[PDB]
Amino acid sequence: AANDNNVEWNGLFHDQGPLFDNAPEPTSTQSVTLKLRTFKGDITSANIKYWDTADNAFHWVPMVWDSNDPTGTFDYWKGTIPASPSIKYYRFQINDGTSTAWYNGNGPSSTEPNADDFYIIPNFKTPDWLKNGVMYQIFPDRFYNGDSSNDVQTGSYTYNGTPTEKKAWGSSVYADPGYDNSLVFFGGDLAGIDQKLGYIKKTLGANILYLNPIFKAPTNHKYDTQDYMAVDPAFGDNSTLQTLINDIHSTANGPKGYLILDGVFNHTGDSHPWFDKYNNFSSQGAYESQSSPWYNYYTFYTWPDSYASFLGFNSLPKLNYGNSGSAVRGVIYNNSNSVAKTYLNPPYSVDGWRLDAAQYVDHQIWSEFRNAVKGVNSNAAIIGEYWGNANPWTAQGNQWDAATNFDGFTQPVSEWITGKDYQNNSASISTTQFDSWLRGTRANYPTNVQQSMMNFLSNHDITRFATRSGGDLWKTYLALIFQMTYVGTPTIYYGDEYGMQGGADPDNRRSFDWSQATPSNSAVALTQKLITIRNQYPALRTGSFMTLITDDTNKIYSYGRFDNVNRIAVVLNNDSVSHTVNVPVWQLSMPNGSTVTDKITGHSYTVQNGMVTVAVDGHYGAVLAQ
């Protein structure tokens, strides 16, 4: 490159990783020094242009030449945005004489963008353990039966005229004729989770557990809460929960762990005493009388049978949060003994809440909720359920730390690798489309939020990845290599690590086959290897992300994860045959003559003419680190 009236887009880079931003989670008094990469000698000037919410105006900061990279291929330019408490948004103007390019979260543009600016949100922190962790999601009835004494039996109780059914471990999840799918119980419990902490924390290496609901409720899924304050007896008691939490937190039995609970705060069950549709309590619920002590906890359109609910399910009546200081806001979060606080305080001290159905609870309520949660424990995580762009609950730093990454992770991964959407409908995307989808969805979020997103291949509300993949376990390998090297918390839905299959609910909640929970299962062996690799390299958790190859002919995707210390080129082959790939590691400033090691195999390579040449099997990958 040269000063030649032309900005060369291929040389340009910025994100908020360590090489480019010295303060990605600044306080009010920390200035933000930003670096923009270009090809060496390519440009004549560059400017940071930032919107300041303090004065509703743009501000321009001229940049200066900072340095070359070690390979001598690139310049870095630098400039500093001043310290203050205000939210700010920035982009770059990049000039080479009569040529101008713009650059922001969406990359380069010939025209000035007005969306996808980078974020500066002073004093907004997400928990660093969430950014750096690996999460394991457990649907408790189906993971491990640690104790038969608490098992629900066939006919133990009835709910809305149907008896419960016990089914044998490993059998079909579908209720036998006459029974109901939501009242089928395999016997998994908290004691079982406790007994399997060595599998989770050592055999795999995950350090965060996320549980589907565990509080008293008549169904097997327990999203129809009857008592927020009691562990459901099928799963244990509150003392079992305390013991489980202390064993999760222990550093003596594996890495220090964290527990995130499912907070079902949009709605209760229809059998909650506040509602009491079936008169299970002496008290009078909202369904029973318009003079009920809890009548105003719900919203009736025509009392008693037409009321607000989750998605039209009459079993899930929607809570009326009223306005600030209301009784409902009190019992859920404000009161010293609220549901949200109770589990965050001793003797529980859980590490976060996953917010079920969170889009149906307004932004004011989530802002108050954040204050309640973070006031007890500033390092307790708040992850909202949302299937789209969760910017409205994340990008001002006043509500959630992150969201369930359906839109930025689960869907594009599904469509690229399996050719199906996550509901197993036909929907395929190319490698260029995959890369574009990923970039646009990252750009929806502040960097800390991106790094804290819950990135799962499957969950309890979508079809299993291994079913979408038609049973080809190598598609799971590929998905795992991507998952464990991408931006956001890798989240393993129990069983995905061994290739568990399953269609739509309830078949996505099969009982876990413990014969497969060893490194003799090749997917488990790869999962363990990848978690070890992710835990070795901060660049994989909090590093920059740069696209390197998007090859739609050979179905090759390559990207770099890199920081001040490490440079890692991930190379993924989404074809059904091997490809030998020339990896442009020069883009990551890996020097000529240096060595890289594929951390999956231990195979070593030498960088030549900016390239590493590696053979990658179909539906597999290499993780080329130095």
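Heads up: residue numbers just count along the shown sequence, starting at 1.
104-112 and 209-217 differ in mean CA B-factor, and the higher of the two is recorded for 104-112. Look at the mean CA B-factor for 506-514 and for 273-281 in the entry; the higher one is 273-281. In the deposited coordinates, the residue among 132, 399, 554, 447 with the greatest CA B-factor is 554. Per the PDB record, 53 has a higher Cα B-factor than any other of 558, 47, 53, 38. The entry lists a Cα temperature factor for residue 165 that places it in the middle third of the chain's modelled residues. Looking at the C-alpha B-factors along this chain, the one for residue 385 belongs to the lowest third. Looking at the C-alpha B-factors along this chain, the one for residue 323 belongs to the middle third.
Annotation for residue 549: C-alpha temperature factor in the middle third relative to the rest of the modelled chain, per the entry. Ranked within its chain, residue 286 lands in the highest third, by CA B factor from the PDB record.
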